[PDB]
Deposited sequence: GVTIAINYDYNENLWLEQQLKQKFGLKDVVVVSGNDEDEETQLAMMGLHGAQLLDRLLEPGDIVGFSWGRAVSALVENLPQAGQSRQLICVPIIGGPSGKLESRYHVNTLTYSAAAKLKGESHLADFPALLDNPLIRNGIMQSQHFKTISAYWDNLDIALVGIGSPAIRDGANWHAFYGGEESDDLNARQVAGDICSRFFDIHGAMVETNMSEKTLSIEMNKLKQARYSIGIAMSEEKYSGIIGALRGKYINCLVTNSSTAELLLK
């Protein structure tokens, strides 16, 4: 109803392909509802043979958990677009867990990543990038059709810790997607991590037919709006509260 109008207004303001806006209430409830309607969006946007990429986290999890069980294959390929969280997320939100579950729901194939998302030593990080396994995953990223992505925003402390979060907070980092940081205007911004990361590059993400961000909250507003302005996503699954914030 009003949600539909909020969806239309967002499409027009940010040049988006698709938008889902849910009402909600509680926090984790709203996320389940976003996950449900966002999963409905994904299922309609998918095309046979699509390479589908998944980031990690609660938000993407909500969508994957709500995916209808397909009765037939659309020759889909499911791949993670970031390495594993190295213990910093519980297994249920691990990028491989989500990728695997989505492949089962979608009756597709999955190719799981056996490298970490973050490596402290640049040397090791670089060496893994040269292995056949990484190149194989990366080559899927090169041809990504659809991405599902949460939007990070100042876990910010969890992932990056005080020391690195500082540089972020001082560098006016508004948010991140797959551990790729940007300002409120959408501009990329280098960090103590922009060298030690194993995840899809924003340039590649933008080449996807659909990059679907799923996120909510006035707290995450800067992250979400920055992603919109940078065009790192071209679809948005969110709630009415945030929607209105975005239209302000």
Take the full deposited sequence, match it to the modelled residues, and report the stretches without C-alphas. 1-10, 35-36, 167-172
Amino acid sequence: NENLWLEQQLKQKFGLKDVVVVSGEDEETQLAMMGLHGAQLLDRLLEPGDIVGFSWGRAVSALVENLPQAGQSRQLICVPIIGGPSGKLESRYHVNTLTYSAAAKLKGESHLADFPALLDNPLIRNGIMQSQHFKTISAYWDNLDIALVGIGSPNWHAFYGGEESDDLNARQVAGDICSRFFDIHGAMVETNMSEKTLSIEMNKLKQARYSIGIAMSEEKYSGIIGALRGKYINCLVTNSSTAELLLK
From here on, numbers count along this sequence of modelled residues.
85-93 set against 168-176, stretch whose average Cα temperature factor tops the other in the entry: 168-176
Stretch exceeding the other in mean C-alpha B-factor - 201-209, 184-192: 184-192
Sort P116, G108, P122, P80 by C-alpha B-factor from the entry and give me just the highest. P122
Residue selected from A102, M129, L76, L148 by maximal Cα B factor: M129
Chain thirds of CA B-factor: placement of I137: middle
Give the position of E2 by CA B-factor within its chain, expressed as the lowest, middle or highest third. middle
By the record's CA B-factor, is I225 among the lowest, middle or highest third of residues in the chain? highest
Rank-wise, by C-alpha B-factor, drop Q69 into the lowest, middle or highest third of its chain. middle
Considering only modelled residues of the same chain, in which third does the CA B-factor of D43 rank: lowest, middle or highest? middle
